[PDB]
file query-v2.txt (compact mmCIF, C-alpha atoms and all ligand atoms)
# COMPACT_ATOMS: atom_id res chain seq x y z
CA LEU D 14 -177.46 8.91 159.26
CA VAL D 15 -180.42 6.78 160.32
CA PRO D 16 -182.01 4.38 157.81
CA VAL D 17 -184.58 5.86 155.43
CA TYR D 18 -187.91 4.09 155.24
CA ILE D 19 -189.82 4.73 152.03
CA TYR D 20 -193.42 4.99 153.15
CA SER D 21 -196.60 6.92 152.71
CA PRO D 22 -200.18 5.79 153.36
CA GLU D 23 -201.00 6.23 149.67
CA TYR D 24 -198.03 4.09 148.66
CA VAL D 25 -199.15 1.25 150.93
CA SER D 26 -202.82 1.54 150.02
CA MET D 27 -201.87 1.25 146.37
CA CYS D 28 -199.49 -1.70 146.61
CA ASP D 29 -202.17 -3.31 148.77
CA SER D 30 -204.22 -3.96 145.65
CA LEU D 31 -201.48 -5.76 143.72
CA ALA D 32 -202.44 -9.14 142.34
CA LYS D 33 -201.41 -12.26 144.21
CA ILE D 34 -200.16 -10.24 147.18
CA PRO D 35 -203.32 -8.56 148.52
CA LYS D 36 -202.81 -6.16 151.43
CA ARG D 37 -199.22 -7.40 151.77
CA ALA D 38 -197.75 -3.89 151.81
CA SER D 39 -199.86 -2.87 154.80
CA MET D 40 -199.18 -6.16 156.56
CA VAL D 41 -195.45 -5.51 156.28
CA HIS D 42 -195.87 -1.87 157.26
CA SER D 43 -198.16 -2.36 160.25
CA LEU D 44 -196.14 -5.29 161.61
CA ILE D 45 -193.00 -3.15 161.37
CA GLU D 46 -194.98 -0.33 162.96
CA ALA D 47 -196.13 -2.80 165.64
CA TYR D 48 -192.51 -3.34 166.58
CA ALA D 49 -191.97 0.42 166.90
CA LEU D 50 -189.32 0.20 164.18
CA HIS D 51 -190.74 3.17 162.30
CA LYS D 52 -189.76 5.23 165.33
CA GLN D 53 -186.12 4.47 164.52
CA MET D 54 -185.98 5.34 160.83
CA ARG D 55 -186.41 8.46 158.73
CA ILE D 56 -189.78 8.21 157.00
CA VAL D 57 -189.55 9.51 153.44
CA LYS D 58 -192.64 9.80 151.24
CA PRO D 59 -192.21 8.02 147.89
CA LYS D 60 -192.23 10.32 144.87
CA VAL D 61 -194.08 9.16 141.73
CA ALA D 62 -191.85 8.33 138.77
CA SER D 63 -192.10 10.74 135.86
CA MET D 64 -192.35 9.45 132.31
CA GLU D 65 -188.79 10.44 131.50
CA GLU D 66 -187.56 8.81 134.71
CA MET D 67 -188.81 5.39 133.64
CA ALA D 68 -187.71 5.90 130.05
CA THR D 69 -184.17 5.96 131.43
CA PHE D 70 -184.46 2.17 131.03
CA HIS D 71 -187.77 1.22 129.39
CA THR D 72 -188.66 2.29 125.85
CA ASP D 73 -191.31 4.94 125.26
CA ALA D 74 -193.12 2.35 123.16
CA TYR D 75 -193.37 -0.07 126.07
CA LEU D 76 -194.09 2.73 128.53
CA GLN D 77 -196.92 3.94 126.31
CA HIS D 78 -198.09 0.37 125.70
CA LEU D 79 -198.18 0.07 129.49
CA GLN D 80 -200.59 3.01 129.74
CA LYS D 81 -202.84 1.41 127.14
CA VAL D 82 -203.17 -2.04 128.71
CA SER D 83 -203.59 -0.52 132.19
CA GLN D 84 -206.70 1.01 130.68
CA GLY D 107 -204.01 0.20 136.32
CA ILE D 108 -200.54 -1.35 136.20
CA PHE D 109 -198.96 1.82 134.83
CA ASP D 110 -199.73 3.75 138.00
CA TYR D 111 -198.53 0.73 139.97
CA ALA D 112 -195.34 0.77 137.92
CA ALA D 113 -195.11 4.53 138.39
CA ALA D 114 -195.53 4.40 142.17
CA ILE D 115 -193.10 1.56 142.83
CA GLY D 116 -190.47 2.73 140.38
CA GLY D 117 -190.65 6.17 141.91
CA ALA D 118 -190.27 4.77 145.41
CA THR D 119 -187.00 3.09 144.50
CA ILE D 120 -185.66 6.12 142.68
CA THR D 121 -186.59 8.09 145.79
CA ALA D 122 -184.67 5.76 148.10
CA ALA D 123 -181.71 5.82 145.73
CA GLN D 124 -181.96 9.61 145.73
CA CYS D 125 -181.68 9.73 149.52
CA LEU D 126 -178.56 7.58 149.43
CA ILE D 127 -176.90 9.88 146.93
CA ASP D 128 -177.78 12.99 148.88
CA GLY D 129 -176.26 11.10 151.77
CA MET D 130 -179.06 11.67 154.24
CA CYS D 131 -178.75 7.95 154.95
CA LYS D 132 -176.55 4.91 154.40
CA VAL D 133 -179.54 2.58 154.09
CA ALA D 134 -182.79 3.18 152.19
CA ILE D 135 -185.73 0.75 152.29
CA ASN D 136 -188.51 0.04 149.79
CA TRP D 137 -190.19 -3.28 150.58
CA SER D 138 -192.65 -2.89 147.71
CA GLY D 139 -189.89 -2.83 145.12
CA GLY D 140 -187.60 -5.45 143.64
CA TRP D 141 -189.44 -6.44 140.46
CA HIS D 142 -186.44 -8.02 138.82
CA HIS D 143 -187.84 -9.76 135.74
CA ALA D 144 -188.99 -6.66 133.84
CA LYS D 145 -187.10 -6.05 130.58
CA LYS D 146 -186.35 -2.95 128.52
CA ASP D 147 -189.53 -3.04 126.41
CA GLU D 148 -191.20 -6.25 127.57
CA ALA D 149 -192.89 -7.34 130.78
CA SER D 150 -192.43 -10.77 132.36
CA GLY D 151 -192.55 -12.58 135.68
CA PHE D 152 -195.35 -10.23 136.69
CA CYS D 153 -192.92 -7.32 136.49
CA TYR D 154 -194.11 -4.48 134.22
CA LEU D 155 -191.39 -2.06 135.25
CA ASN D 156 -187.92 -2.77 136.59
CA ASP D 157 -187.54 -0.48 139.60
CA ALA D 158 -184.28 -2.18 140.56
CA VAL D 159 -182.69 -1.01 137.34
CA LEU D 160 -184.13 2.49 137.80
CA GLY D 161 -182.60 2.76 141.26
CA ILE D 162 -179.24 1.41 140.10
CA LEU D 163 -179.26 4.13 137.45
CA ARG D 164 -179.95 6.96 139.89
CA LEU D 165 -177.19 5.73 142.23
CA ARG D 166 -174.83 5.91 139.25
CA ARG D 167 -175.15 9.69 139.42
CA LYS D 168 -172.80 9.56 142.41
CA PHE D 169 -171.46 6.03 142.68
CA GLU D 170 -169.00 4.61 140.16
CA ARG D 171 -169.43 0.89 140.65
CA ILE D 172 -172.73 -0.57 141.77
CA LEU D 173 -173.24 -4.08 143.16
CA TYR D 174 -176.70 -5.50 142.59
CA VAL D 175 -177.28 -8.50 144.84
CA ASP D 176 -180.40 -10.59 144.38
CA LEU D 177 -181.44 -13.25 146.88
CA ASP D 178 -184.97 -13.82 145.54
CA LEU D 179 -186.04 -17.38 144.68
CA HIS D 180 -185.91 -16.51 140.96
CA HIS D 181 -183.01 -15.43 138.77
CA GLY D 182 -182.79 -11.64 138.46
CA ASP D 183 -182.62 -11.63 134.66
CA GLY D 184 -184.19 -8.21 134.11
CA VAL D 185 -181.56 -6.43 136.20
CA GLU D 186 -178.82 -8.65 134.80
CA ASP D 187 -179.88 -7.81 131.24
CA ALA D 188 -180.13 -4.12 132.09
CA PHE D 189 -176.39 -3.97 132.71
CA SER D 190 -175.01 -7.17 131.19
CA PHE D 191 -172.81 -5.26 128.74
CA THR D 192 -171.13 -2.96 131.29
CA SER D 193 -168.50 -3.51 133.99
CA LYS D 194 -169.60 -0.52 136.03
CA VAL D 195 -172.48 -2.48 137.55
CA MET D 196 -172.06 -6.06 138.74
CA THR D 197 -175.01 -8.38 139.31
CA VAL D 198 -174.89 -11.42 141.55
CA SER D 199 -177.87 -13.76 141.76
CA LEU D 200 -178.48 -16.69 144.10
CA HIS D 201 -181.54 -18.47 142.74
CA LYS D 202 -183.32 -21.75 142.11
CA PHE D 203 -182.08 -23.20 138.82
CA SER D 204 -183.82 -26.33 137.57
CA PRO D 205 -185.84 -27.55 134.56
CA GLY D 206 -189.34 -26.10 134.39
CA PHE D 207 -188.45 -23.28 136.76
CA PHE D 208 -188.82 -19.62 135.83
CA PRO D 209 -187.09 -17.90 134.16
CA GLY D 210 -185.04 -20.96 133.25
CA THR D 211 -181.84 -18.93 133.16
CA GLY D 212 -178.93 -18.08 135.42
CA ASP D 213 -176.48 -20.96 135.29
CA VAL D 214 -172.96 -20.39 136.54
CA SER D 215 -171.91 -20.33 132.87
CA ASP D 216 -173.81 -17.05 132.43
CA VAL D 217 -171.32 -14.22 132.91
CA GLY D 218 -172.35 -11.34 130.69
CA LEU D 219 -170.87 -9.94 127.49
CA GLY D 220 -168.72 -7.16 126.09
CA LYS D 221 -166.57 -5.13 128.46
CA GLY D 222 -169.02 -6.37 131.08
CA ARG D 223 -168.12 -10.03 130.62
CA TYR D 224 -167.61 -11.89 133.91
CA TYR D 225 -169.44 -9.06 135.70
CA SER D 226 -172.65 -11.05 135.88
CA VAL D 227 -172.62 -13.78 138.52
CA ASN D 228 -175.06 -16.65 138.85
CA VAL D 229 -175.37 -19.19 141.64
CA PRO D 230 -177.69 -22.07 140.61
CA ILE D 231 -179.21 -23.71 143.69
CA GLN D 232 -181.52 -26.68 144.25
CA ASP D 233 -184.58 -27.33 146.42
CA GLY D 234 -184.58 -27.83 150.15
CA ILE D 235 -181.52 -25.74 150.96
CA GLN D 236 -181.28 -24.35 154.49
CA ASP D 237 -180.03 -21.26 156.30
CA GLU D 238 -176.52 -22.45 157.05
CA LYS D 239 -175.56 -23.89 153.67
CA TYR D 240 -177.15 -20.84 152.05
CA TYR D 241 -175.16 -18.30 154.05
CA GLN D 242 -171.93 -20.21 153.45
CA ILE D 243 -172.49 -20.19 149.69
CA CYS D 244 -173.57 -16.56 149.82
CA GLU D 245 -170.79 -15.20 152.01
CA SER D 246 -168.32 -17.23 150.00
CA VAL D 247 -169.34 -15.47 146.80
CA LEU D 248 -169.87 -11.98 148.19
CA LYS D 249 -166.37 -12.06 149.66
CA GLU D 250 -164.83 -12.86 146.27
CA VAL D 251 -167.01 -10.39 144.42
CA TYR D 252 -166.29 -7.69 146.98
CA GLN D 253 -162.52 -7.95 146.64
CA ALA D 254 -162.77 -8.22 142.86
CA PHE D 255 -165.24 -5.47 142.05
CA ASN D 256 -164.83 -2.89 144.83
CA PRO D 257 -168.34 -1.35 144.85
CA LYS D 258 -169.27 2.16 146.00
CA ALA D 259 -172.95 1.27 146.26
CA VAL D 260 -175.16 -1.75 146.85
CA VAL D 261 -178.68 -2.69 145.80
CA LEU D 262 -180.17 -5.68 147.60
CA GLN D 263 -183.32 -7.52 146.51
CA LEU D 264 -184.61 -9.76 149.29
CA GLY D 265 -187.57 -11.68 147.88
CA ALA D 266 -189.23 -13.65 150.67
CA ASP D 267 -190.27 -16.43 148.30
CA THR D 268 -187.34 -18.51 149.54
CA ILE D 269 -188.80 -18.78 153.03
CA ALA D 270 -190.22 -22.12 154.17
CA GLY D 271 -193.97 -22.52 153.77
CA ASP D 272 -194.14 -20.43 150.62
CA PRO D 273 -196.40 -21.55 147.73
CA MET D 274 -193.26 -21.80 145.57
CA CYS D 275 -192.23 -24.72 147.75
CA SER D 276 -188.56 -24.94 146.74
CA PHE D 277 -185.95 -23.66 149.18
CA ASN D 278 -186.09 -24.34 152.92
CA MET D 279 -184.95 -20.97 154.32
CA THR D 280 -185.92 -18.80 157.27
CA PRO D 281 -185.39 -15.05 157.84
CA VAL D 282 -182.43 -15.77 160.13
CA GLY D 283 -180.47 -17.09 157.17
CA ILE D 284 -181.32 -14.16 154.93
CA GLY D 285 -180.55 -11.67 157.69
CA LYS D 286 -177.12 -13.26 158.03
CA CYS D 287 -176.49 -12.41 154.37
CA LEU D 288 -177.89 -8.96 155.00
CA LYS D 289 -175.78 -8.30 158.06
CA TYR D 290 -172.68 -9.56 156.29
CA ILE D 291 -173.28 -7.05 153.50
CA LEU D 292 -174.00 -4.30 156.01
CA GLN D 293 -170.50 -4.66 157.43
CA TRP D 294 -169.27 -3.08 154.19
CA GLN D 295 -171.02 0.11 155.23
CA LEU D 296 -171.65 1.06 151.60
CA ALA D 297 -174.72 3.01 150.50
CA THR D 298 -177.31 0.26 150.34
CA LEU D 299 -180.69 0.42 148.61
CA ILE D 300 -182.85 -2.33 150.15
CA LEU D 301 -185.71 -3.85 148.12
CA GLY D 302 -188.38 -6.50 148.64
CA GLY D 303 -189.53 -9.06 146.09
CA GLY D 304 -191.59 -12.20 145.64
CA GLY D 305 -193.29 -13.91 148.56
CA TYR D 306 -196.82 -15.28 148.15
CA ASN D 307 -197.06 -16.34 151.77
CA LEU D 308 -198.39 -13.07 153.09
CA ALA D 309 -197.81 -13.40 156.84
CA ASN D 310 -194.51 -15.20 156.34
CA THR D 311 -193.32 -12.42 154.06
CA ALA D 312 -194.27 -9.82 156.67
CA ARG D 313 -192.45 -11.84 159.31
CA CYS D 314 -189.33 -11.90 157.19
CA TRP D 315 -188.94 -8.26 156.22
CA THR D 316 -189.77 -7.09 159.73
CA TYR D 317 -187.04 -9.33 161.09
CA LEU D 318 -184.68 -8.01 158.42
CA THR D 319 -185.74 -4.44 159.10
CA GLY D 320 -184.80 -5.26 162.66
CA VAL D 321 -181.46 -6.62 161.45
CA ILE D 322 -180.82 -3.32 159.66
CA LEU D 323 -181.63 -1.48 162.90
CA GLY D 324 -179.55 -3.97 164.85
CA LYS D 325 -182.39 -4.44 167.34
CA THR D 326 -183.53 -7.99 168.11
CA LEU D 327 -187.32 -8.25 168.13
CA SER D 328 -189.64 -10.27 170.37
CA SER D 329 -190.84 -13.70 169.25
CA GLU D 330 -194.43 -12.75 170.02
CA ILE D 331 -196.26 -10.85 167.28
CA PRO D 332 -197.49 -7.63 168.93
CA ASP D 333 -201.23 -7.13 168.68
CA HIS D 334 -202.03 -4.98 165.67
CA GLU D 335 -204.37 -4.75 162.69
CA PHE D 336 -203.40 -8.14 161.28
CA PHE D 337 -202.63 -10.05 164.45
CA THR D 338 -204.95 -12.93 163.54
CA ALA D 339 -203.08 -13.56 160.30
CA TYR D 340 -200.20 -14.91 162.36
CA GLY D 341 -202.08 -17.61 164.24
CA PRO D 342 -202.09 -20.22 165.59
CA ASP D 343 -198.86 -19.48 167.52
CA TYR D 344 -198.37 -15.83 166.57
CA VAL D 345 -194.58 -15.96 166.59
CA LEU D 346 -192.06 -14.26 164.34
CA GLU D 347 -189.74 -17.23 163.87
CA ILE D 348 -190.41 -19.47 160.89
CA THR D 349 -189.94 -23.24 160.93
CA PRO D 350 -188.31 -25.27 158.14
CA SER D 351 -190.52 -27.85 156.47
CA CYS D 352 -189.67 -31.53 156.29
CA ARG D 353 -188.02 -31.93 152.89
CA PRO D 354 -184.72 -33.07 151.32
CA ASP D 355 -181.79 -30.74 150.72
CA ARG D 356 -181.20 -31.35 147.02
CA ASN D 357 -177.82 -29.60 147.00
CA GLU D 358 -174.85 -31.97 146.87
CA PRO D 359 -171.67 -30.53 148.45
CA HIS D 360 -169.62 -31.65 145.45
CA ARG D 361 -171.78 -29.83 142.90
CA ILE D 362 -171.74 -26.72 145.06
CA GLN D 363 -167.94 -26.57 145.03
CA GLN D 364 -167.96 -27.03 141.27
CA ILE D 365 -170.31 -24.07 141.03
CA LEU D 366 -168.12 -21.96 143.33
CA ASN D 367 -164.78 -22.84 141.74
CA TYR D 368 -166.26 -21.96 138.37
CA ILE D 369 -167.44 -18.62 139.78
CA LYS D 370 -163.95 -18.18 141.21
CA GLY D 371 -162.64 -18.78 137.71
CA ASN D 372 -164.86 -16.07 136.32
CA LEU D 373 -163.68 -13.63 138.97
CA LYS D 374 -160.04 -13.88 137.88
CA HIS D 375 -161.18 -11.61 135.04
CA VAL D 376 -162.88 -9.02 137.23
CA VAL D 377 -160.79 -5.98 138.12
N1 LIG D 401 -190.08 -12.67 141.88
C1 LIG D 401 -191.05 -12.98 140.80
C2 LIG D 401 -191.92 -11.72 140.40
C3 LIG D 401 -192.68 -11.05 141.58
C4 LIG D 401 -194.05 -11.49 141.87
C5 LIG D 401 -194.80 -10.91 142.94
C6 LIG D 401 -194.21 -9.87 143.75
CL1 LIG D 401 -195.11 -9.17 145.05
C7 LIG D 401 -192.86 -9.42 143.48
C8 LIG D 401 -192.09 -9.99 142.40
CL2 LIG D 401 -190.46 -9.36 142.16
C9 LIG D 401 -191.99 -14.17 141.13
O1 LIG D 401 -192.21 -14.31 142.33
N2 LIG D 401 -192.59 -15.04 140.19
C10 LIG D 401 -193.55 -16.11 140.59
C11 LIG D 401 -193.74 -16.80 139.25
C12 LIG D 401 -194.51 -18.00 138.98
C13 LIG D 401 -194.57 -18.50 137.61
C14 LIG D 401 -193.87 -17.79 136.55
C15 LIG D 401 -193.10 -16.60 136.84
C16 LIG D 401 -193.05 -16.11 138.20
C17 LIG D 401 -192.32 -14.90 138.73
K K D 402 -182.07 -14.35 142.83
K K D 403 -172.90 -6.62 134.31
ZN ZN D 404 -189.35 -14.44 143.08

call {"tool": "encode", "arguments": {"input": "query-v2.txt", "output": "structure tokens"}}
result
Amino acid sequence: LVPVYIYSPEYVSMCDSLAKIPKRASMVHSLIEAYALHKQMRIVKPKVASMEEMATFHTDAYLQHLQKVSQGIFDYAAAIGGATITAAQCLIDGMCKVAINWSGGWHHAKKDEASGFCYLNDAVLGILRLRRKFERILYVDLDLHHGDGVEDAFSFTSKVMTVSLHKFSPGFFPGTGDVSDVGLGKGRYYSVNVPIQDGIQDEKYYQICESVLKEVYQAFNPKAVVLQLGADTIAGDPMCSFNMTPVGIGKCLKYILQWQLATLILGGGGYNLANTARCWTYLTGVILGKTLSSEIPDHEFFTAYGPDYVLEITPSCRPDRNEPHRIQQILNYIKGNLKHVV
């Protein structure tokens, strides 16, 4: 029951050519490899998503339209979606308790519309596969942006709960995800949104996070978990909003791991290439429970980590815009919503 690591050379080489994240996949992979972490996980080759497999969420019209424009993104969408289905497949066959796909987590993609640079929602696809064996699924999103695509996917049902800790502020994409957003139908109060401001740091973040995941856990009682960990909340990132480091995110990760539920792990945003590699390696270490060394081990992209070549990331000098009073308002409101969840 060792963690499954969704990798093949062809999967990495492909993701390598994605837009604003060039070669990121191989940076992540080879840095992980450079910490000998691969040697501790079951390597599983990602299987390409079939047409029907994607159409489990996206319309045939959009899926066909995606072929046309990518005349390409469609093969991108097909690879990544398949990778996440594959990881979710491994969890259901029970060959692992943890399955990793760092190239997944494209949370903005809608049923028949692309947005937020997401042309296929692999998170949704994986949540659907898991449903084959797991009754209730908890989707937890810690990316910098609201996970509206995954939220929409399931917003009407109570069998899948989404919880999203994101930056919520005017002008900021997607402009949704206030605490007042709780879903609809039988699935009302089964969407959870945690609006957060700029400059927030590891400690305050993990307190807010743990606080909510404890309530949601008792209230929902999941059999599976899907965790998007977009690195675009880490200090130094071009998004320039939160003030987080991997230590804080790993604390949220480790907390969740305690549950020992089947857990599909996904990546996400993160336009700071070396920082994003630093983060998911650290986290991949957290999953393995093996503390890594502060010194980046020489490997193909060693120079990308200069000048100091360490794994730890430093917070920038900026204000924490989150007032303790507003945070408790947000939480108490969330706590109100959870009185309805059973
Ligand atoms: N998380 C979103 C979408 C995303 C982008 C790149 C990668 Cl590698 C993964 C994901 Cl899942 C995001 O980072 N956005 C940045 C941005 C800037 C302006 C408007 C929308 C978005 C979405
Ligand atoms: K989020
Ligand atoms: K829901
Ligand atoms: Zn993002």

call {"tool": "closest_residue", "arguments": {"input": "query-v2.txt", "among": "D:39, D:197, D:72, D:121", "to": "residue 147 of chain D", "atoms": "all atoms listed in the file"}}
result
D:72

call {"tool": "closest_residue", "arguments": {"input": "query-v2.txt", "among": "D:168, D:221, D:360, D:249", "to": "ligand K 403 (chain D)", "atoms": "only C-alpha atoms and all ligand atoms"}}
result
D:221

call {"tool": "residues_near_ligand", "arguments": {"input": "query-v2.txt", "ligand": "ligand ZN 404 (chain D)", "cutoff": "12 Å", "atoms": "all atoms listed in the file", "output": "PyMOL selection string"}}
result
chain D and resi 139-143+150-153+176-183+199-202+207-209+263-269+272-277+302-307+311

call {"tool": "closest_residue", "arguments": {"input": "query-v2.txt", "among": "D:191, D:255, D:109, D:174", "to": "ligand K 402 (chain D)", "atoms": "all atoms listed in the file"}}
result
D:174

call {"tool": "residues_around", "arguments": {"input": "query-v2.txt", "residues": "residue 331 of chain D", "least_positions_apart": "5", "cutoff": "12 Å", "atoms": "all atoms listed in the file", "output": "short mmCIF file (atom, residue, chain, number, x, y, z; two decimals) with C-alpha atoms, keeping the file's coordinate frame"}}
result
data_model
loop_
_atom_site.label_atom_id
_atom_site.label_comp_id
_atom_site.auth_asym_id
_atom_site.auth_seq_id
_atom_site.Cartn_x
_atom_site.Cartn_y
_atom_site.Cartn_z
CA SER D 43 -198.16 -2.36 160.25
CA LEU D 44 -196.14 -5.29 161.61
CA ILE D 45 -193.00 -3.15 161.37
CA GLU D 46 -194.98 -0.33 162.96
CA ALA D 47 -196.13 -2.80 165.64
CA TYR D 48 -192.51 -3.34 166.58
CA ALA D 309 -197.81 -13.40 156.84
CA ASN D 310 -194.51 -15.20 156.34
CA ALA D 312 -194.27 -9.82 156.67
CA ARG D 313 -192.45 -11.84 159.31
CA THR D 316 -189.77 -7.09 159.73
CA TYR D 317 -187.04 -9.33 161.09
CA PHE D 336 -203.40 -8.14 161.28
CA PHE D 337 -202.63 -10.05 164.45
CA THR D 338 -204.95 -12.93 163.54
CA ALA D 339 -203.08 -13.56 160.30
CA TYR D 340 -200.20 -14.91 162.36
CA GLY D 341 -202.08 -17.61 164.24
CA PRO D 342 -202.09 -20.22 165.59
CA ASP D 343 -198.86 -19.48 167.52
CA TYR D 344 -198.37 -15.83 166.57
CA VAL D 345 -194.58 -15.96 166.59
CA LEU D 346 -192.06 -14.26 164.34
CA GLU D 347 -189.74 -17.23 163.87
#

call {"tool": "residues_near_ligand", "arguments": {"input": "query-v2.txt", "ligand": "ligand K 403 (chain D)", "cutoff": "12 Å", "atoms": "only C-alpha atoms and all ligand atoms", "output": "PyMOL selection string"}}
result
chain D and resi 159+162+171-175+182-199+216-228+255+376

call {"tool": "axis_aligned_box", "arguments": {"input": "query-v2.txt", "around": "ligand LIG 401 (chain D)", "padding_each_side": "8 Å", "output": "JSON"}}
result
{"center_x": -192.6, "center_y": -13.8, "center_z": 140.8, "size_x": 21.0, "size_y": 25.3, "size_z": 24.5}

call {"tool": "atom_distance", "arguments": {"input": "query-v2.txt", "atom1": "atom CA of residue 14 of chain D", "atom2": "atom CA of residue 66 of chain D"}}
result
26.5 Å

call {"tool": "residues_around", "arguments": {"input": "query-v2.txt", "residues": "segment 278-284 of chain D", "least_positions_apart": "3", "cutoff": "6 Å", "atoms": "all atoms listed in the file", "output": "ChimeraX atom specification"}}
result
/D:234-237,268-270,287,314,348,350

call {"tool": "write_last_selection", "arguments": {"input": "query-v2.txt", "atoms": "C-alpha atoms", "output": "PDB file, in the coordinates of the input"}}
result
ATOM      1  CA  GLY D 234    -184.580 -27.830 150.150  1.00  0.00           C
ATOM      2  CA  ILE D 235    -181.520 -25.740 150.960  1.00  0.00           C
ATOM      3  CA  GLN D 236    -181.280 -24.350 154.490  1.00  0.00           C
ATOM      4  CA  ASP D 237    -180.030 -21.260 156.300  1.00  0.00           C
ATOM      5  CA  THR D 268    -187.340 -18.510 149.540  1.00  0.00           C
ATOM      6  CA  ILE D 269    -188.800 -18.780 153.030  1.00  0.00           C
ATOM      7  CA  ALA D 270    -190.220 -22.120 154.170  1.00  0.00           C
ATOM      8  CA  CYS D 287    -176.490 -12.410 154.370  1.00  0.00           C
ATOM      9  CA  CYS D 314    -189.330 -11.900 157.190  1.00  0.00           C
ATOM     10  CA  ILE D 348    -190.410 -19.470 160.890  1.00  0.00           C
ATOM     11  CA  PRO D 350    -188.310 -25.270 158.140  1.00  0.00           C
TER      12      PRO D 350
END

call {"tool": "closest_residue", "arguments": {"input": "query-v2.txt", "among": "D:28, D:154, D:213, D:137", "to": "ligand K 402 (chain D)", "atoms": "only C-alpha atoms and all ligand atoms"}}
result
D:213

call {"tool": "closest_residue", "arguments": {"input": "query-v2.txt", "among": "D:260, D:229, D:160, D:321", "to": "ligand K 402 (chain D)", "atoms": "only C-alpha atoms and all ligand atoms"}}
result
D:229

call {"tool": "residues_around", "arguments": {"input": "query-v2.txt", "residues": "segment 127-135 of chain D", "least_positions_apart": "4", "cutoff": "9 Å", "atoms": "all atoms listed in the file", "output": "PyMOL selection string"}}
result
chain D and resi 14-20+55+119+121-123+164-169+295-302+319+322

call {"tool": "atom_distance", "arguments": {"input": "query-v2.txt", "atom1": "atom CA of residue 156 of chain D", "atom2": "atom CA of residue 252 of chain D"}}
result
24.5 Å

call {"tool": "atom_distance", "arguments": {"input": "query-v2.txt", "atom1": "atom CA of residue 359 of chain D", "atom2": "atom CA of residue 238 of chain D"}}
result
12.8 Å

call {"tool": "closest_residue", "arguments": {"input": "query-v2.txt", "among": "D:374, D:239, D:78, D:60", "to": "residue 251 of chain D", "atoms": "all atoms listed in the file"}}
result
D:374

call {"tool": "build_atoms", "arguments": {"input": "query-v2.txt", "residues": "segment 341-354 of chain D", "atoms": "N, CA and C atoms", "output": "mmCIF file, keeping the file's coordinate frame"}}
result
data_model
loop_
_atom_site.group_PDB
_atom_site.id
_atom_site.type_symbol
_atom_site.label_atom_id
_atom_site.label_comp_id
_atom_site.auth_asym_id
_atom_site.auth_seq_id
_atom_site.Cartn_x
_atom_site.Cartn_y
_atom_site.Cartn_z
ATOM 1 N N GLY D 341 -201.738 -16.435 163.459
ATOM 2 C CA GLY D 341 -202.080 -17.610 164.240
ATOM 3 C C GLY D 341 -201.564 -18.850 163.553
ATOM 4 N N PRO D 342 -201.585 -20.012 164.227
ATOM 5 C CA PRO D 342 -202.090 -20.220 165.590
ATOM 6 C C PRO D 342 -201.146 -19.816 166.735
ATOM 7 N N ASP D 343 -199.849 -19.715 166.456
ATOM 8 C CA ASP D 343 -198.860 -19.480 167.520
ATOM 9 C C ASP D 343 -198.423 -18.023 167.607
ATOM 10 N N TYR D 344 -198.609 -17.272 166.528
ATOM 11 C CA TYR D 344 -198.370 -15.830 166.570
ATOM 12 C C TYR D 344 -196.932 -15.494 166.923
ATOM 13 N N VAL D 345 -195.990 -16.258 166.383
ATOM 14 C CA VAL D 345 -194.580 -15.960 166.590
ATOM 15 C C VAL D 345 -193.927 -15.460 165.309
ATOM 16 N N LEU D 346 -192.741 -14.893 165.457
ATOM 17 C CA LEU D 346 -192.060 -14.260 164.340
ATOM 18 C C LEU D 346 -191.167 -15.280 163.642
ATOM 19 N N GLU D 347 -190.612 -16.204 164.416
ATOM 20 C CA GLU D 347 -189.740 -17.230 163.870
ATOM 21 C C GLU D 347 -190.470 -18.206 162.966
ATOM 22 N N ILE D 348 -189.844 -18.528 161.841
ATOM 23 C CA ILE D 348 -190.410 -19.470 160.890
ATOM 24 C C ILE D 348 -189.700 -20.818 160.948
ATOM 25 N N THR D 349 -190.475 -21.888 160.832
ATOM 26 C CA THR D 349 -189.940 -23.240 160.930
ATOM 27 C C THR D 349 -189.699 -23.844 159.555
ATOM 28 N N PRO D 350 -188.554 -24.522 159.377
ATOM 29 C CA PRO D 350 -188.310 -25.270 158.140
ATOM 30 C C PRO D 350 -189.278 -26.434 157.992
ATOM 31 N N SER D 351 -189.674 -26.706 156.758
ATOM 32 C CA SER D 351 -190.520 -27.850 156.470
ATOM 33 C C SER D 351 -189.676 -29.112 156.393
ATOM 34 N N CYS D 352 -190.340 -30.257 156.457
ATOM 35 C CA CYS D 352 -189.670 -31.530 156.290
ATOM 36 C C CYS D 352 -189.525 -31.832 154.807
ATOM 37 N N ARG D 353 -188.309 -31.679 154.299
ATOM 38 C CA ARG D 353 -188.020 -31.930 152.890
ATOM 39 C C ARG D 353 -186.531 -32.166 152.730
ATOM 40 N N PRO D 354 -186.130 -32.809 151.623
ATOM 41 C CA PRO D 354 -184.720 -33.070 151.320
ATOM 42 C C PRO D 354 -183.964 -31.812 150.873
#
